[PDB]
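The residues making up each chain are set out below.
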Amino acid sequence: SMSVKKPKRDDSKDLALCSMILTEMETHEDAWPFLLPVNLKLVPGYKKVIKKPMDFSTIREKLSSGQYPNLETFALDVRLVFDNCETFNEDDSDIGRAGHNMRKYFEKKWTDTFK
């Protein structure tokens, strides 16, 4: 509350650490469905169904340009990528499986780096 603060958690390395995590996601062999925005002209249904499209290149641009106010807003966009994937893709599909794998990979890196 006013003039009553919890001790200051050091957040000065968060930008660099989110960038490293993002690099590792970008270079994972199952990242291919997620590298670029889904082409809204060429994928029937996507525009109407997926209210907030998100992909690694769009996260990279937002990260690079100061559009994440903190590390939690960064994690929300990464998880949005996988939540979108689950909404549109069957679990038993290459893309569906890719999304499960990447979410697992992300969450471990996130915990090991920050928790």
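Residues numbered from 1 in each chain as written, not as in the entry; some residues may be left out. Heavy atoms only, no water. Residues with missing side-chain atoms left out of burial classes, pairs and counts.

Structure determination for this PDB entry was carried out by X-ray crystallography, with a resolution of 1.9300 Å recorded in the header.

Q: Can you break down helix 1 (residues 14-26) residue by residue, with the values?
A: Relative to the 18 Å expected for 13 residues at 1.5 Å per residue, helix 1 spans 18 Å between its end C-alpha atoms, a close match to the ideal helical length. Within the span of helix 1, buried status applies to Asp14, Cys18, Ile21, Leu22 and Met25. Along the axis of helix 1, the buried residues cluster in a sector spanning 100 degrees; they form a single face. Considering only its buried residues, helix 1 is in contact with helix 3 (56-64), helix 4 (71-88) and helix 5 (94-114). (Helix = DSSP H or I, 4+ residues; strand = E, 2+ residues; numbered from the N terminus. Expected span 1.5 Å × (residues − 1). Buried < 20%, exposed > 50% of the residue type's maximum accessible area, 1.4 Å probe, protein only. Arc of directions from axis to C-beta. Contact = heavy atoms within 4.5 Å.)

Q: An account of the side chain of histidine 28 is requested, with residue identities and associated values reported.
A: Locating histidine 28 in the fold gives a position in the loop between helix 1 and helix 2 (46-49). Polar side-chain contacts of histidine 28 include one of 3.0 Å to the backbone nitrogen of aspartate 30. For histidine 28, the contacting residues outside a window of four places in its chain are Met102 and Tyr105. (Polar contact = N/O pair within 3.5 Å; in protein donor to acceptor, adjacent residues only side chain to side chain.)

Q: Quick one: what's the story with the pattern of salt bridges, residue by residue and with numbers?
A: Opposite charge on two side chains permits them to pair, given that their charged atoms come into close proximity. What the rule picks out here adds up to ten salt bridges. Note that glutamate 107 and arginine 79 form a salt bridge whose closest N and O atoms lie 2.8 Å from each other. Linking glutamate 107 in helix 5 with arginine 79 in helix 4, this pair joins segments that are 28 residues apart in sequence. On the accessibility criterion, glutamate 107 (25% relative accessible area) is partly exposed. A residue is classified by how much of its surface remains accessible, and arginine 79, at 24% relative accessible area, is partly exposed. The partner of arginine 97 in a salt bridge is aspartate 92, and the shortest N-O contact between them spans 2.9 Å. On the basis of relative accessibility, which here comes to 38%, the residue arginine 97 falls in the partly exposed class. Of the residues examined, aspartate 92 reaches a relative accessible area of 67% and is grouped as exposed. (Salt bridge = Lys/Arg side-chain N within 4 Å of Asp/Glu carboxyl O.)

Q: Outline the environment of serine 19, supporting the account with residue identities and numerical values.
A: Relative to the assigned elements, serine 19 resides in helix 1. Considering only alpha carbons, one finds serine 19 and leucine 36, 17 residues apart in sequence, at a separation of 17 Å. Residue contacts for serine 19: discarding those within four places in its chain leaves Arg60 and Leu63.

Q: Outline the nonpolar core, listing residues and values.
A: Soluble, globular proteins show a tendency: their nonpolar side chains are buried together. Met25, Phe56, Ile59, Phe74, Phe82, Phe106 and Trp110 are the most contacted members of the largest nonpolar core, which totals 24 residues. When contributions to this core are tallied by element, the ones reaching two or more residues are helix 1, helix 3, helix 4 and helix 5. The element contributing the most residues to this core is helix 4, with eight residues. Among residues more than four places away in sequence, those in contact with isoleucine 59 are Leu22, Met54, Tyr68, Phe74, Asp77, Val78 and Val81. (Core = buried A, V, L, I, M, F, W, Y, C linked by side-chain atoms within 4.5 Å.)

Q: Describe the environment of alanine 31, with residues and values.
A: Following the sequence through the fold, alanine 31 ends up in the loop between helix 1 and helix 2. For the pair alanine 31 and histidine 100, spaced 69 residues apart in sequence, the C-alpha to C-alpha distance is 11 Å.

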